[PDB]
There are 2 protein chains.
Amino acid sequence: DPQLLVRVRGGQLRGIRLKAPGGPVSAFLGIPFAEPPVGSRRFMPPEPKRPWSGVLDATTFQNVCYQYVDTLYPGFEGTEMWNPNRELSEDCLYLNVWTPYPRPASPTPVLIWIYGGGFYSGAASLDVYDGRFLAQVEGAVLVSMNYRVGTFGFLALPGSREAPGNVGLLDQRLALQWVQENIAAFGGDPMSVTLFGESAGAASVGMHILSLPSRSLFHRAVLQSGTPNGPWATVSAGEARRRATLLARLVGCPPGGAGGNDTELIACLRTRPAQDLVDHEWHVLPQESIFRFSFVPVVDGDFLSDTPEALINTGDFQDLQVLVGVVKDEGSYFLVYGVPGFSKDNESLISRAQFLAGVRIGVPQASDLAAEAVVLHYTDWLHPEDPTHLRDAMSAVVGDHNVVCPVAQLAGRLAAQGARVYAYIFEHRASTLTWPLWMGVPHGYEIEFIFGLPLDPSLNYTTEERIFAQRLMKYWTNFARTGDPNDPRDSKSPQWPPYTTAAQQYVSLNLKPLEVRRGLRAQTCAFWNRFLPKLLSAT
Amino acid sequence: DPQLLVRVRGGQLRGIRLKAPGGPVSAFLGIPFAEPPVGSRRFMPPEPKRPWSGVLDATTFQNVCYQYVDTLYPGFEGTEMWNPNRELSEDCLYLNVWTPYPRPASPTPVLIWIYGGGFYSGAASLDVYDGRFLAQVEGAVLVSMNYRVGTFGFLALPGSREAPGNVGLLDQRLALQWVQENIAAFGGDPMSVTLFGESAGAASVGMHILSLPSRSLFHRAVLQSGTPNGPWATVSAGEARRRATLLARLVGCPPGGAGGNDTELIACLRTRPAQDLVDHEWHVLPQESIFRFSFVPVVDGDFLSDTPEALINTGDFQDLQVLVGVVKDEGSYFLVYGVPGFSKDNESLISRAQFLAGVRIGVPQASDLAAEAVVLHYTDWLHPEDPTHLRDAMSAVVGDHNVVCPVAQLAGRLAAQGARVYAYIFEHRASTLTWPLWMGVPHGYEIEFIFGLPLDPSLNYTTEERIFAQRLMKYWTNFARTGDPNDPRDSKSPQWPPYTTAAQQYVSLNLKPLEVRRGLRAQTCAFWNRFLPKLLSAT
């Protein structure tokens, strides 16, 4: 079947024909995009996959990059669903392609997805990132690649030749240059590349916009629940180094009282079993905390010429179309992972003292005064001990601090600089959600919908959820083709207005039709984005 | 008429028979309570009036103490009504008495009123402090004295024998000891003395509670729109001195490059025409500001053993009944006096920059960071330039900072220490009010009502206002006799609950019946009373 047989710039491939509810889909899973970054390649910028003979099989999902695996709640769908579903391996630089069966007629727009997992975990192989529905139904050419997370992706000794950092991003950039020079053959338009990701994938998409060289490889961008500018998606060189060598040292690299040879250091590191590194991953953070990750993009003054803050602050984004948004309760999920009093198993009605402590875990960089400021802001002084309030407060400190305000800081900075921005607030809690009611709509629970999982009848969502999904898919693909999530020409009732400095408009993405709103946590985010920082830089 | 003829501990007096709408009233205006504090007596603690021969005439209002007179809006009722209505003079230590005609049967409870005017102005002679209605109607024995304001009342060189400070308070204490030993003769009960005042009079009442010796002279207390503990009702010794000598120096005291003789300094000051002092009164403040006064009670470690803060913080008020309250917009009035953009003549829709400046005038002690904090708190980040919002914000910064939060800090501190406290929010704007609508219910516009001015038909309020007034008078006199503003035994519908740490209950004093509420600006006041201070003590 020529539908499943495609010649790529480096060789032939054989896809597989998948069956989505509305029909058939072509799927080319496992395409090498680079030479496995193993052995003496570990910590190195990726290299273009060499051309192969014969017909490369591409009927299946490849190995997940090497990464920590979540224990915490073993056998629990809520956590497991995020875990690797393929074998772990340093040989994981592959991407996927879904195209409607049969290949489109003309150059369809492409949706390149970037998975997220703190920069330390994640995989395109995942169920919720099943690009079949968006290709099947909205007739889109969808691509999802794997990029090195953890030490392998980001361990860096800034200035070094052999562990220079951000290589997990270069992985994604490489997948992008491949989509450029080969998506054509799948019926995709190399001229309408729309990047889109969640958590650190969103953060990533952000970095592509902030990085010159990534510019020519995409035209539109979506950033769900995450940005390049907050407190957790980048570290300085100094800290990077501090965590590289510290990690090395715990692994015996270098052995003895040796030193001053970054090369020997990396050479040594390059011999340790992958799992040895993952084993010490979490011991290099400088404080007890949540929503903070050990190995993530570093401000090298290369891939990022300066901090994302400085960049979105003075960049020229005068033409960029960008969709951005957030969910009802970003912070909830993270509380179970480390804030005394919280669990998925009870209502986590915490004490005040617990909440006071939470604030220091959740805002680890905060001095005392700054912590005080945060407590002032989130305490309800008519009921400073209501456990239920405290509980939700904790979730807000975390969610606002890491996701919401940073989103809003980016939305506004973008708009003010030229961007056409759109914003939203996912508020629908999936019926199927396995987390406790108290977490409401946790970080990452919009994905099922954007990808169109409710369209699968076996999966069993509600018809509303299904319709909902379709609506969501429609907005995305529409922003994808046009650069406006809006019903074509067809001005079908509710409209989605561009987020603007002055009006500050965003929409409620939920079961009830679009419902425009103004100001994304405006006060709260003024707290965080405007004042808090000066407090911190004083203390 | 023996009704109008009374023998006092120091001589005979002849009252005059006044006619209130509901009947006749005995009125003994002008009773010397002390030896005129003139000449070598200036700046000195008051002395008990010597006994006189014959029949002291007391049919009229005496001279207002020496004080600045408000220009600003000449001929304008709103300001004029506060101005002296008698001749100015250092010889002004007299008090007044109103008793129902004819003298009560049995020992009626007494309401001693303390006028307020920044500690720099004011007089019992004023129209709104007409005690005839409260005596006539509620059959109360009412007393209102004059106390030295300004330099004469408070100029102090702490530690000095001749200008030791707080003498304006000693004036009031002296009036109190007189009520003690003579109110009896007017049918008043020396056993049910209820002090009650507004602005600095409230602040004063506060100081009596905080001062041991004032204790035995009163049993209940009311504090309207003012407390002893805020930012403006007390100064330290050091500042007192700094403003005494600076004032002296501007007046040529001492002349030349002389010095180190406080006595010579005061001696010299004692020769300057009263108006020479008033002339430089306003030049000793340390910063540009509003709701800040030059000469006011000083923390000498005598009349006040320590700051009012420390005192209400550790005092034993376990038995004290205290009514406390505030008006809708305390801060409004003060804005016209010095905050660029405000006037009584336009809507004062200020700019943002104006508001930013306002904040520094209105919170003169604030460092930059602290100012930032205040701006953060009062800015509406969805509309940071809406003039109308800015406008009202300014009024709130001032009103909350100086009156409301301090009231709330006192209410709570009192309650927590044993006091039985009651609280309220006057929200009715008199129909007659001559200030612009934008000031809503300005500092001091409850007085007309408590005193019962609407009962006078000529004055022409509304019947509701009249009824309202009666209600208000009822609460006061009731708190006065019982120590509970509540309808006797007669549980007549809405009840007024004690303000409590835990429930934080207060009531809406307005046209519609009592309406209990919880938390007096709880967040906002947490800002001011809890956090702001630590910010300031850091900066």
For region A:5-302: Kirkwood Rh in Å [reciprocal of mean 1/r, alpha carbons]: 19.5
Using all Cα-Cα distances in region A:1-141, what percent lands in each 5 angstrom bin from 0 up to the longest? 2, 9, 16, 20, 19, 16, 11, 5, 2, 0
Which FRET efficiency, nearest 0.05, do B:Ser53 and B:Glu264 yield, Cβ-Cβ r, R0 60 Å? 0.95
Relative contact order of region B:436-539, pairs being alpha-carbon contacts under 8 Å that are 6 or more residues apart, as %: 14
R0 of 41 Å, Cβ-Cβ distance A:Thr271-A:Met191: FRET efficiency to nearest 0.05: 0.35
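With a 10 Å Cβ neighbour count serving as the proxy for reagent exposure, in which order, fewest first, do A:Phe295, A:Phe76, A:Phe28 appear? Can you show the working numbers first?
Values: A:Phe295 27, A:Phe76 13, A:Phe28 23.
Arranged by neighbour count, lowest to highest, A:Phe295, A:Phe76, A:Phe28 become A:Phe76, A:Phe28, A:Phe295.
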Model label zone, A:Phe76; criterion: amide N under 19 Å from point 7 Å along Cα-to-beta-carbon; scope region A:273-298: A:289-292
Could you tell me, in Å, what Rg and Dmax come out for the Cα atoms of region B:182-296? 18.5, 58
Where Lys and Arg each count +1 and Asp and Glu each count -1, what net charge lies around A:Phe154 among other residues with Cβ under 10 Å from its Cβ? +2
Based on the Cα coordinates of chain A, what is the per residue volume of their convex hull in Å³? 148
Kindly flag which residue pairs out of B:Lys492/B:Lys512; B:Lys474/B:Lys512; B:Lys328/B:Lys534; A:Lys328/A:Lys492; A:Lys19/A:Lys49 have an alpha-carbon separation exceeding 19 Å in this structure. B:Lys328/B:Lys534; A:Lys328/A:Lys492; A:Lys19/A:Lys49
For every helix of n ≥ 4 consecutive DSSP H residues, a contribution of -39,500 (n - 2.57) applies; sum these over chain A, divide by its total residues, and give [θ] at 222 nm rounded to the nearest 500 deg cm²/dmol. -8500 deg cm²/dmol
Alpha carbon centroid spacing (whole Å) that separates region B:257-317 from region B:229-253: 4
Calculate the spin-label point distance for A:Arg530 paired with A:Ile16, positioning each point 7 Å from the Cα along the beta-carbon direction, and give it in nanometres. 5.5
Find the centroid of the Cα atoms in region B:157-204 and in region B:412-481, then give the distance between the two in whole Å. 24
In chain B, what percentage of the DSSP-assigned beta bridges are antiparallel, given to the nearest 5? 40
Rounded to the nearest Å, what's the spacing between the alpha carbon centres of region A:123-140 and region B:93-119? Just the number, please. 85
Take the Cβ-Cβ distance between B:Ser491 and B:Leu5 as r, set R0 to 35 Å, and report the resulting FRET efficiency rounded to the nearest 0.05. 0.25
HN-Hα couplings for region A:122-134 via Karplus (6.51, -1.76, 1.60; θ = phi - 60°), in whole Hz with x for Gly/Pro, come out as x, 6, 4, 3, 4, 4, 4, 10, 5, x, 5, 4, 4
Overall Cα dimensions of the protein assembly as shown, principal axis frame, Å, largest first: 132, 64, 48
Can you sort A:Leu134, A:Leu304 by how many other beta carbons sit within 10 Å, fewest first? A:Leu304, A:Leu134
Looking at region A:428-536, I'd like the Rg to Rh ratio, where Rg is from alpha-carbon atoms and Rh is Kirkwood's inverse mean 1/r. 1.04
Rg(Cα) of region B:102-210 divided by 2.2 N^0.38 Å? 1.13
Which whole DSSP H helices in chain A pass both tests: a Cα extent of 20 Å or more along the axis and a mean Kyte-Doolittle value no lower than -1.0? A:167-182, A:463-481
Under 18 Å from a point 7 Å along the Cα-to-Cβ line of B:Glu347: which residues of region B:367-389 have their amide N that close? B:383-389
Separation between the A:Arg161 and B:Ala105 pseudo-spin-labels, each 7 Å from Cα along Cα→Cβ, expressed in nm? 11.1
Residues A:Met439, B:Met394, B:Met81, B:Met44 in order from fewest to most other beta-carbon atoms within 10 Å are B:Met81, B:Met44, A:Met439, B:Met394
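Note that each Cβ is placed from the backbone with ideal geometry, even for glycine, and that neighbours are counted across all protein chains shown. Every read-out reported here was derived from the displayed coordinates using simple, explicitly stated rules and does not represent laboratory data.
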